[PDB]
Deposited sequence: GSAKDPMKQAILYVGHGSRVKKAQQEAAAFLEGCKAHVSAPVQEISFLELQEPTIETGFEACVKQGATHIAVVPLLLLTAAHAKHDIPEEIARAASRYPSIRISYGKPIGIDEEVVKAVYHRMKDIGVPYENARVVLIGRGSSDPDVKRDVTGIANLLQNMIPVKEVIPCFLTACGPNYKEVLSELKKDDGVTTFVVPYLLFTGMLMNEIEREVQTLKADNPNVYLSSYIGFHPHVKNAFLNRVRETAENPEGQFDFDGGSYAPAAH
């Protein structure tokens, strides 16, 4: 037996984001017991999932745990990544594959939100959607945050955040792993809003806070352990 982890990030055009994601995934390697560990990206960034999967096989992996670096379960986790993995599986039929879940609702991510907020009551949680599983997840996370600290309310916007801002101290927490255009838009809209309401405060994005890392590594470990084959990928 020789276990591999294939990490799958979203990928990005933005230099800083490429750096944050690649340093983050390289940092994870020292925290995971598997002898073969490879990084790949769904879009824009090298290596691709194809190359990453191939890199694991080259290194003699018998088993590959594919773990998506995503905060939520929607099209990427449910459709795009597994269809790219199935191409790989057809190329390498004797590899046993397991496939993990996005972070989702995990009290560790809530701890990251607290920490980002503590770098500065209601909370406005801004993130990425038509998929209902995203509605469930973000509502879940808002309810955990709402009860883990003494805030008045938490309002997810996954509702157009622009309009929620147009409508008591308010924290705006971007529920995003990395920076980019959306983050630049939010930064701009809050910036303008501050002139109209001075009790609005924008935190940095959750990013790769150590509590996010904890949450991710819990995903990695359950996927690689694959209890009762529940993470088996066909």
| property | result |
| --- | --- |
| Deposited-sequence ranges lacking C-alpha coordinates, in sequence order | 1-6, 127-132, 141, 172-176, 186-191, 259-267 |
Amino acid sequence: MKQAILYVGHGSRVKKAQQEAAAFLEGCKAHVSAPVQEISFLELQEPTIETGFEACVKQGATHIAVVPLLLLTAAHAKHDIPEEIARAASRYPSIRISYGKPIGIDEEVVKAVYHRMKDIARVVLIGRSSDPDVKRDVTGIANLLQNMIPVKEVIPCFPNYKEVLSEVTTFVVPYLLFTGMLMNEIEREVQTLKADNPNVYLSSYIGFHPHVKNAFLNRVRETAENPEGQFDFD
From here on, numbers count along this sequence of modelled residues.
property: Per the entry, higher mean C-alpha B factor between 202-210 and 60-68; result: 202-210
property: Residue stretch of maximal mean CA temperature factor, 36-44 vs 182-190; result: 182-190
property: From 135, 116, 87, 78, residue of greatest CA B-factor; result: 135
property: From 128, 96, 111, 101, residue of greatest CA B-factor; result: 128
property: Entry-reported Cα temperature factor of residue 14, expressed as the chain third it lands in; result: highest
property: Chain thirds of CA B-factor: placement of residue 144; result: lowest
property: For residue 163, the third of its chain into which the C-alpha B factor falls; result: highest
property: Within-chain third of residue 83 by Cα B-factor, per the entry; result: lowest
